[PDB]
Amino acid sequence: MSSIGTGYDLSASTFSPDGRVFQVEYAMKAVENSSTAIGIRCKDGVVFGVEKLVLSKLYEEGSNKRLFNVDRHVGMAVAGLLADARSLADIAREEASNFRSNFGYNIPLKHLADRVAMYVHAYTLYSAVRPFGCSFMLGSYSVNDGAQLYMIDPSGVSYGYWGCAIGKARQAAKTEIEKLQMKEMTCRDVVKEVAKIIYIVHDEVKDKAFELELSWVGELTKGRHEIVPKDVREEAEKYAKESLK
Amino acid sequence: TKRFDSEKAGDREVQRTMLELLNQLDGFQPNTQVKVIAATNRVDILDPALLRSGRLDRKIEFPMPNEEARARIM
Amino acid sequence: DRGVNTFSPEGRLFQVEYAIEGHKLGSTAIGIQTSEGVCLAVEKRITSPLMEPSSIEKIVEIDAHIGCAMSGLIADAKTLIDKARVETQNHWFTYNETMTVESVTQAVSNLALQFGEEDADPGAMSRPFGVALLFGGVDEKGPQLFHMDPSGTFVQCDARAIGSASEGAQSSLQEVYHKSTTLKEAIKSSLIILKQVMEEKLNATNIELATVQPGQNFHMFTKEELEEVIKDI
Amino acid sequence: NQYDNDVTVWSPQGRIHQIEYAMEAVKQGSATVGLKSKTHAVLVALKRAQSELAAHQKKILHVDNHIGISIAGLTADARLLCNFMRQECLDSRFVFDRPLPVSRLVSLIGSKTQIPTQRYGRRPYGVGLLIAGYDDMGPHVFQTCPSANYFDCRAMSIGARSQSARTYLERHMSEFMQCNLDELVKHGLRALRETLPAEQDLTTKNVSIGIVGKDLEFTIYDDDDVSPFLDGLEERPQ
Amino acid sequence: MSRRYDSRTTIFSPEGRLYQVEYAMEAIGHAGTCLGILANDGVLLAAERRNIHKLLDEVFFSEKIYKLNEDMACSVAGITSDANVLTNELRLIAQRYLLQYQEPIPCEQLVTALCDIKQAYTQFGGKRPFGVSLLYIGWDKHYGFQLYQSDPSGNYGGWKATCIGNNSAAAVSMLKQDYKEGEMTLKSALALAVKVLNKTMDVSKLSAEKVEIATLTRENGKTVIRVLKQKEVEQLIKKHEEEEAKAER
Amino acid sequence: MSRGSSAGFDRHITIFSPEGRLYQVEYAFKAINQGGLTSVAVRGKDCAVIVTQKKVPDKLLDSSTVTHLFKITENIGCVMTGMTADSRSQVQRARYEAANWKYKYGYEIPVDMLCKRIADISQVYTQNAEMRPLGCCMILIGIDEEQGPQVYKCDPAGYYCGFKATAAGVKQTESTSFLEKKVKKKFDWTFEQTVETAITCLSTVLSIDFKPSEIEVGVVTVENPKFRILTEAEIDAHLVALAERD
Amino acid sequence: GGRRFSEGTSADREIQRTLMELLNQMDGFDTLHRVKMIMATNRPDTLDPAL
Amino acid sequence: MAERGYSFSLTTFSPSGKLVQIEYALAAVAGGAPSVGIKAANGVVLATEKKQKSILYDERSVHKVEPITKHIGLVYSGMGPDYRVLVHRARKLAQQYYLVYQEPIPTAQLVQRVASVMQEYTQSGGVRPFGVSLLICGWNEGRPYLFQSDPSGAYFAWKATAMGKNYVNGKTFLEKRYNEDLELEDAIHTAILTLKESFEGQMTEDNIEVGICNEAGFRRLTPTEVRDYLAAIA
Amino acid sequence: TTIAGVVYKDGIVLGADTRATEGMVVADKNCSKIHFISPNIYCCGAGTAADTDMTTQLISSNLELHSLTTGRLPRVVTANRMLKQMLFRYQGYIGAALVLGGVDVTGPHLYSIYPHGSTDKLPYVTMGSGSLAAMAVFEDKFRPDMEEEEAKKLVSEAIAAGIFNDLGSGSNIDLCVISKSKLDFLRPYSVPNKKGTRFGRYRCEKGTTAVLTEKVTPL
Amino acid sequence: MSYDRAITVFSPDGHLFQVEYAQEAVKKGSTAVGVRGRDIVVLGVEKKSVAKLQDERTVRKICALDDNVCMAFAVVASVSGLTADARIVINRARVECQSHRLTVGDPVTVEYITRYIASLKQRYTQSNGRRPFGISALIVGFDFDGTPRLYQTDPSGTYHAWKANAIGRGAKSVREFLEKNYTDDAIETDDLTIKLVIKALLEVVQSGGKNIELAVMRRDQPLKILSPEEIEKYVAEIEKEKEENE
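Residues numbered from 1 in each chain as written, not as in the entry; some residues may be left out. Chains lettered and ligands numbered in written order. Part of a larger assembly, values for the part shown. Heavy atoms only, no water.

cryo-EM is the method the PDB entry states for this structure, with the resolution given as 11.8 Å.

Under the PDB entry, the name given to chain E is Proteasome subunit alpha type-4, and the source organism is Rattus norvegicus. The title line of the PDB record says "Ground state 26S proteasome (GS1)".

Labelled according to the PDB entry, chain D appears under the name Proteasome subunit alpha type-1, originating from Rattus norvegicus.

Right, dumping it as structure tokens:
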């Protein structure tokens, strides 16, 4: 089963009489271990809220960051193992960069998501390599394709979501989204909401301690994936803290 | 662990006990009077007949201690 | 089953721990850096007089002013030495002067650990070599003795021993051999230490000595020279 | 166990034990401390050798005219990775001709290290690297794991019994930021000594320093100017 | 995963044999009689035709007699499957040699090119060795008439008379008993070969459906490779059969 | 040994069993059932139809870009049943090949050329012991030029074959046998008629009973050169007629 | 619900006697009437081929 | 998209001296559809069962009976997917030959080519052999021809052969019913009878496919023509 | 050199050609068929340089075969155009082949003329070989641009006969190839315009002008 | 290639398995003796297993790598000739000898071939999915000097020159009898060197001239492989000399 020397977790070419693939499933349990990364689609952009894990006492900003820029206007928030996430960042950024060069217009998220998923999926099929141990979101704003949110898991699926969570708290965190009307809503108000969801979900045993990182890609940034200002972070932090009490 | 089709043997002292254990969890006799705190190292080894959501209701995973948790243990 | 590639809870690889043991199996070689030059001594340890003692070699030339004594599996080392010969003259084409002890040793050591038993290229190792090499010469910089390990850890030495007596001999060298001991005395120090691992007494057909001294190229000592150090041990 | 037969072997938790077990190899390595100010990036390292009657070969490696590394772990593997980095740094100097970013270089190591850990029938590399580099955005001192994740720290210690040294790093964490070159090196020595027992206090011989910064390029002091930093002794601060 | 499945049959054994070659060696023995005898004006091969039905097309010259070149011919003991890929490859090699040298290829030169390939499979790769052992017959300028045998790793031996297949020990001993190193002519040489095949084989009168015999004869300075037809074979059967009849008396 | 070849390798990697056909290959057909999707496809003379769940599970999942009807290319479209990961992977590979064919070869792509091309590829995947026999099944619609509207389905095993009627999914056997009774008591296929047959089979078998927002129907019509989803308007008009049917 | 067995422990042996008895009682020469017998299983695959 | 492949020993010899995989592949073809090939010596006739056990299959262009080229065809028994790649591959060899010579590939030549493929699948590891037995037909160079290639990579010559279920009985019924120096008409009649002796029972013209091969070419007849034949046979 | 035309009519496609196949302006052979029959569905006329045209038709025929069998659609002339354009590019625009591909799809019969250019050329009715414009020019002239099938078949045969008369390169029989997508009627003698004079009288000789000193059969 | 499965992996015993498995396979049998003379070097193998019906002219167990380099081989089992295994080493060595003579105008020395054997064994070790040959070769030849040499290699790839050595069926036993026979006269007289090879082979098992094949090389002249008829005359004369000394 999990303790074995042939097939099961060694392979992923294996099937059980149920049909399952255990290795691809073990990769899914790996994304679960670290804290939540949420990314919410607005009709005007994407706002992310990520727990940025504080693994030491001698931190500087951007240390073990999970916010990546795939393209100029795509942000990528990862959850689960960061080792696998760095290799995934290089592959996604590379597919986007060449796209911009050739097509000369802003990469459609629907296209980018299909290509990275195929890559994850090529590894899950194979028993020759293991598959990535993280799950990620790509989120973007353009006026050539609209605001899009996509999610790619360790299996190799790409489907669009209008508000998603990956990481430990995601079953709880997702529920809070159904409460919110977020499909139509400014990116300014949604930052306040991603921050308050994270503060309440966190507990001292999903991970020791975190640093709040929120990111913009919307009408406010003018279609640029950038990190939120010091001002923005703090008011959204404040509202999270006041709601927490 | 019931995945049986075992055309040759397969023990089945163990089969009888696996089925009897379900029966006692079922509401022929109460299950609001008997609670089961179950500890098993893996759920991979275990079969879904046992796990369900009306044999074992909560599924609580235990990750290995965090950094703060080990200082508390000490 | 478990693989061999895996790290153990000790915090070391299995293949590599075996390779160090391979170094321990063979014959002992002593390489002493003196500031008058660098001498390399190795035991022949012949068991038959029908052999021709010249052609039992375990000192082979990396360069024309660097000599190398090698220990553990004699065969496994030879490949590393073959690749070394091509680099030293190659170095002459590019730089327009001869290779140093330091440059050659770091380049062979990169190859020493590369191992991936399955799903690794056939132009790359499946297992590491169990050889320890002692590169001893005097070059543009001066007398240098560098030691190379099968773990691919290179370090500069003045007196190093490798082979069956490797830990024992190395301790014993640190004691007699210092930089207040001359080159001929280094040759006497090596001969005494050599005997426990040897099956017989020291002779001029049971040692092979070669010294590379300043201002001179590599010289393989002749029967007369071997015999003068045999007289006084 | 059989969560670590190959580096594709998952545990039910969802962790590869071989990559973790590769970190235990870094602990076998020699103690190295990485510190930064606002003008210098300083690397303080422990050199060990088998002959102490001979000069100890450096544990500080050359990567760029403003990048130097200190290794903790596997010696062959650290050198093996070093060559990929060296090729890229020197290439970056030809093409881009900036003083290359520590954050940029480090991610490329993350793609290569991932290859064997992703691949069956192979071993991870069990070496932890502390890189000092100075670009035009000031110093950065980065830690790279046996995995592929990086930390941008102000101070870090990976190596043998690194906890003892961190106790010092935690205590003067504020101080690092203000320093000049001299001050960075004295703190790293006071940290470095702690890893080792109470009754062992360093010598210049087994200390190599790689100094990087705004006022300087790349200079490695093996005993050259090591003696004044060592002075002003402090012996194992608890 | 992958090594565990690999039974390590590619490993050397302490004794100094390869497990695979030894298991292939048995595959040759199950299978039918293939014998070659040397004679002094030509050389002949006799192989067991194992395709007997009353509805046979005969789309090939034979399914065991293969003409590899326009100066070589061979017979088979082993598995028909291995024999088919192999037989084609034997043709490109025989034919290229014929282009360069322009003289008939030695029987020894022909076994060696293949040998590398056989050896390659066994030692490494985890690839099966070919299940057939081939008796090549030919005439080459240098030695005159020759017969060569190849084995499952390409181990070669020059033989005046040899036999592999079913009741290999019985056929080779018997043939050793009457004939020792090239004491007979081409005429008599066909009569011994059919006689041996007769005893070894379950049908003890044979027909031309049971045996197929091929001759390679040097005529007017040039090697002629001919598979003899059923008609010629019956004549050879009656000659041995009659010789057996006298023996009893 | 009984209960799978665990002392043997035959479900561990691809190699023939002592019983003939592989455990692993048979097992792949079991992965389809996991998806939760059941597709019913009915062949007509007006359109070749696919009826599949539009069904969404939350407010958080799109339905403006999540569909299991896929436009491989304009004339030919398909539905994937089973594992979602494998589903996308074949669709993209199919899309690229479809453009490449049209560009080089210049021939318009019928139902057969996509179906057969994928099927041969999915044979290679079954044949290699690195790759796994597919987790999805592809049911294609598209207009054959000689035949008319055609419905083909290719196996994760690597076999392609034509169908007048087919079904794939959780209830593969139950739906095909149900649809068999409908063929036997034959319907002269109009536009409305092929669509009606497909929905009644699926509604009876799942026993949910669908409404128009819960299904999405895919047609490739003889006057539409492109693949189009009929959506709710046409479905409701048929839907009521289904209750009045029998 | 039994299987072929016949390399098993004493536990696989007792199951068969009972499994034999059920067969004859249903259809053998003995059979039910108005009265109905209901079985409950988890797998129909654990069952004897004859059953 | 990162793999080297695996090649491992389950494809090397067992101690018995026979190959573990070949026996299993022969078992796959025995489980298949029965298929007879008869060389008339007036044309080659090949018959197979059209059915796949549900007759909700369109098959007016999808057939078990496929022409490779102008007058050479393959009929198979055994595995459907494995056959599909072999049909496609066989064509590709035929056209390659067609470019150089101008004549379509002989049945004698074609089998060796196909045989190499069957061989790779057995001998290398991490693959498994094809489980399809092939009846290869042609009429070329003044004689009609029938070849057999079994799954291992052997090719055998027969003038009347039977396959699949009750391959043994078909060969004996062929021996008995069909005699030598009879015509083409007689050949066509005997094949449908061998299929009756090889899985018995009910036949429709959508349960059988019959294809006739001449130098005019191989063609699989239309559903109607096959229907007339049925009535003749018992 | 060669004079080939194929036509789109109100029926199917009629190809007309003179016999002779020439290596330049001189005849290599005065026998065989210039318009070639391939598979049952595809007929191709050939024109310009001989060496480039025969081989192009042959190579595309394999490719087209693979595509026909798998797809199970009948061959499309637009499809045929793309394959010749891609193949001829691969070669690097070496030699001169004006090629006339003509096949019947399930829709109308479709005819295309591909010159050696590697163009995507759609005609209306075309004639090839020689000069592309010069042959094409005739179609505008005699065809009213659609007339009944029988009238059109006499018309092509008459126009092609005029090019044979005007240009003596074409010689021997004029062949008409009536091409459907399974029916290939190869009518050798649509019109014979010219033929030789009988080679009745010898130029033979007895040995006394050249003799033989051997008659043997080697072994 | 795809095969990278382990056949050799390093031991804590400080050895390579294959090499040791090979070394015992030369302990257990296939007597090959070589002596080095003063004009001529002669190597001999005993066994081609001439059972009085086999050919003797065309069989080679001593193969000429070059015209001044020759090797005689051994390693045996139940699969008795490992001629195949040798045949690879023989072909690669043959090209390499010739190749060395094109580049470097000195005639190739035995010392070059011996390093080349040490690297072939090793290279097979380092490459994934590959295994060392079992052979041990007695490399005979002539240098630039024209000096006769006899060198011996082991299955690991370590070489030594030796005046006279015997391997097979007790390497040390055959060599210690042969040690008395190696005298100053024996090495000087060429004819006595031919007898020395034959005289050693006879110790293990006596008689047979067909079983014994030996090849002789004189100066840089081509290899001459002696007729068995020459051997039979020689064994008869050797047997009487044994009675004379003793």
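## Digging into the overall build of chain E
Stated precisely, the cut-off is as follows: Secondary structure elements are defined from DSSP: runs of H or I of at least 4 residues count as helices, runs of E of at least 2 residues count as strands, and each element is numbered from the N terminus. Using C-alpha atoms as the atom set, the radius of gyration is obtained and then compared with a globule rule of 2.2 Å times the number of residues to the power 0.38. When a residue's accessible area, from a 1.4 Å probe over protein chains only, is under 20% of the maximum for its type it is buried; when over 50% it is exposed; and in between it is partly exposed. Residue contacts follow a heavy-atom distance rule, with two residues in contact if any of their heavy atoms lie within 4.5 Å. Calculation of accessible area relied on Shrake-Rupley with a 1.4 Å probe; when residues are assessed, cover is drawn exclusively from the protein chains displayed. Only four residue types enter the charge count: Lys and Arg as positive, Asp and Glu as negative, with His and the chain ends excluded. Taken as the charge centre is NZ of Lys, CZ of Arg, CG of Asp or CD of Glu, depending on the residue.
Assigned secondary structure in chain E consists of seven helices and nine strands. For a compact globule of 249 residues, the expected C-alpha radius of gyration is about 18 Å, and chain E comes in at 19 Å, within 12% of that figure. Dimensions of chain E, computed from the C-alpha atoms along their principal axes, are close to 65 × 45 × 40 Å. Expressed as a percentage of the 249 residues in chain E, the buried residues total 63%. For chain E, long-range pairs separated by at least 24 residues make up 67% of all intrachain contacts whose partners lie at least 6 apart in sequence. Counting every atom, chain E has about 9200 Å² of accessible surface; 50% of that belongs to carbon and sulfur. The distance from the centre of the 32 positive side-chain charges to the centre of the 32 negative ones in chain E is 1 Å.

## A short note on the sheet that holds strand β3 (residues 67-71) of chain A
Residue and element names in this part refer to chain A. Basically, it comes down to this: Each pair of strands is called paired provided DSSP finds at least two bridges between the two strands. Here an axis means a line fitted to C-alpha atoms, over the contact stretch when the element is a helix, while the angle between two N-to-C directions is reported on a 0 to 180 degree scale.
The strand order across the open sheet built from five strands is β3-β4-β5-β6-β7, with neighbouring strands paired in antiparallel fashion. Looking at the sheet topology across the chains shown, the edges are occupied by β3 and β7 (158-160). Put simply, the sheet's adjacent strands are angled 25° from each other on average, direction ignored.

## Notes on a positive patch on the surface
Applicable threshold: To count toward a patch, a residue needs a relative accessible area above 30% and no salt bridge. Like charges then connect within 9 Å, nonpolar side chains (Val, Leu, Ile, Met, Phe, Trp, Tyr) within 5 Å. Salt bridges are identified by distance alone: a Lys or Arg side-chain nitrogen within 4 Å of an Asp or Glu carboxyl oxygen.
Together, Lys-27, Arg-48, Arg-161 and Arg-166 of chain D give the surface a local cluster of positive charge. Here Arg-161 of chain D is to be found in the loop between β8 (155-158) and α4 (163-171).

## A few points about empty space enclosed by the protein
Which entries qualify depends on this criterion: In this analysis the probe radius is 1.4 Å and the grid spacing 1 Å, with only protein atoms considered; a cavity is a set of points the probe fits into but cannot get out of, a pocket is an open set with protein on both sides within 12 Å along at least five of seven lines, and lining residues have an atom within 4 Å of a point. Grid points are joined across faces, edges and corners, and a volume is the space filled by probe spheres set on the points. The residue classification treats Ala, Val, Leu, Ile, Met, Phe, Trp, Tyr, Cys and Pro as nonpolar and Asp, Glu, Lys and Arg as charged. All others, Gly included, are polar.
Within the structure shown, the criterion is met by 10 cavities of 30 Å³ or more. Estimated volume of the largest cavity: approximately 100 Å³. Residue lining of the largest cavity: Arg-49, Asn-51, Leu-56, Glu-58, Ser-62, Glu-63, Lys-64 and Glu-212 of chain E together with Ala-157 of chain H, and that is the complete set. Taken together, the residues of the lining of the largest cavity sort by class into two nonpolar, two polar and five charged. The space that makes up the second largest cavity amounts to roughly 60 Å³. Considering the residues around the second largest cavity, the lining is formed by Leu-81, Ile-109, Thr-113, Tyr-125, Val-127, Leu-129, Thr-144, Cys-145, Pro-146, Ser-147 and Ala-148 of chain D.

## Quick notes on the interface of chain E and chain J
Rule in force here: Once two parts are joined, some of their accessible surface, as seen by a 1.4 Å probe, is lost; buried area is that loss totalled over both. Distance and chemistry together define a polar contact, namely a pair of N or O atoms within 3.5 Å, with one atom able to donate a hydrogen and the other to accept it when in protein, and with adjacent residues in sequence counting only for side-chain atoms on both sides.
The interface of chain E with chain J comprises 41 residues on the first partner and 40 residues on the second. Interface of chain E and chain J: buried area, both sides summed, is about 3600 Å²; carbon and sulfur atoms make up 56% of it. It is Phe-12, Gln-123 and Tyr-156 of chain E in chain E that bury the most area against chain J; as a group they hold 19% of the surface buried on that side. Notably, a salt bridge pairs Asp-55 of chain J with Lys-160 of chain E, separated by 3.1 Å at the nearest N-O pair. Scanning the region where chain E abuts chain J turns up 15 residue pairs in polar contact. Counting residues per element, the ones that place at least two in the side of chain E that touches chain J are α1 (2-5), α2 (19-30), α4 (107-123), β5 (144-150), β6 (156-158) and α5 (168-178) of chain E. With seven residues, α4 of chain E is the largest single contributor of residues to the side of chain E that touches chain J. For the side of chain E that touches chain J, the class distribution of residues is 14 nonpolar, 15 polar and 12 charged.

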